[PDB]
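The chain below stands alone and is given in structure tokens; this is the form deposited in one PDB entry.
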């Protein structure tokens, strides 16, 4: 069948590049009723960030993806954390030695740097070490690494399913280290070994790994194993077209969640990075994407991640995809974080409905509608101005208000339209100053609904401090 995987390295915040690549592996596996695996690639203790693993795993779930095998879901080919598979790579690196496909190299990092300077890149000098001598030096405990012994001279063919075949000259492929002197494997060794043993048949990964594939094809040959299909996804870019990075763009999935972006929208946006629906539709579900996916509709240019379009899309989801109640629920954590509370679900729902078309992120809701949940709201200079200018006619409306029994949006509008008429003045001239009295702002939803919302007593109580 079809087995795909995402192999995140726990060395920093959950990366948007990770979600993007994971998204396509998940779809390609589901499209073929296959398996989507999660393998944690923690082979470098130096860059290892404790707690990054749980974070990436939670972020993939948050985004909506589900995996069939992995660290916290089990599976027949675990462990799914490379740090727990060390004896394995060890066993295979040694197998390469016996097959004459690898060799031990004892140079210190300092000599290597010197060799890199003198000849630019390791020159494979350790190949001239007699195997028996290498062995003895290893048995004595002499620190060393195991390197890939590239067949020189020669040529190596790599086949990308989206680009075609690429023929490499073996002189462009280095005798890369497979096993480090601390006993850990390098990405090259572990990736091929683990993909084989886990049964992956479809490697979908970012284009940044394209040139490293020949190294992988050689390893698969060395082991006498069948290579999987390779599909390299174009890299996500910063506005300047360079591979998206932490300083030129927001790459942290935690930032997006913190900013109030809906996972559903972020996911939908990610789908448009390199792919497009047959009919041209832009808003669609994860499940629809899975079902319409095809490599034929994947474009290879490096897509610039447009934060602006994402906000737009996020707003689009909030008002057209999620239900009112779903939006009301998602907005709570942000209200809590803002230190605000709501009277009841009923109140909250109504508040969210009024503001629905006016915020593009969940975080903006407590900011633009703060006056709806606390008296501790700011008053803009322009609002304070409109209020002062309208104080006279507001004083004359107050009594009519406290006299109004039917406190409804229909009645209220009728009461005000009349007041503006009987006063020979445009509605806005009365509406705007009142709006500033109730909201401390001149940018809000409709006055009647805003007026109704709080109820007669509450409204007048606020209108009073403004006239006081």
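The term rigid core refers to the maximal set of C-alpha atoms that superpose within 1.5 Å between the two forms. Residue numbers count along the first chain shown, from 1.
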12 to 20 versus 448 to 456 - which carries the larger mean C-alpha B factor in the record: 448 to 456
Quick check on the record: does 135 to 143 or 170 to 178 carry the larger mean Cα temperature factor? 135 to 143
Quick one: which of 232, 119, 257, 77 shows the highest Cα temperature factor in the PDB entry? 119
Please work out which residue in 112, 310, 383, 318 has the highest C-alpha B-factor recorded for this crystal structure. 383
For residue 67, the third of its chain by CA B-factor is the middle
Chain-wide C-alpha B factor ranking for residue 30, given as lowest, middle or highest third: middle
Mind checking which third residue 223 falls in for C-alpha B-factor across the chain? middle
Chain third (lowest, middle, highest) by recorded CA B-factor, residue given as residue 51: lowest
CA B-factor placement of residue 340, once the chain's modelled residues are sorted into thirds: highest
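Another form exists, deposited in another entry; not displayed. Remarks below refer to it.
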Given a cut-off of 2 Å on Cα movement between the shown form and the other one, rigid core as reference, pick the single residue from 434, 37, 29, 59 that exceeds or meets it. 434
Superposing on the rigid core, do we see a C-alpha displacement of 2 Å or more at residue 445 between the shown form and the other one? yes
After the core is overlaid between the shown form and the other one, has the C-alpha of residue 87 moved by 2 angstroms or more? no
Per-residue C-alpha change between the shown form and the other one, residue 161, threshold 2 Å, rigid core fit: no
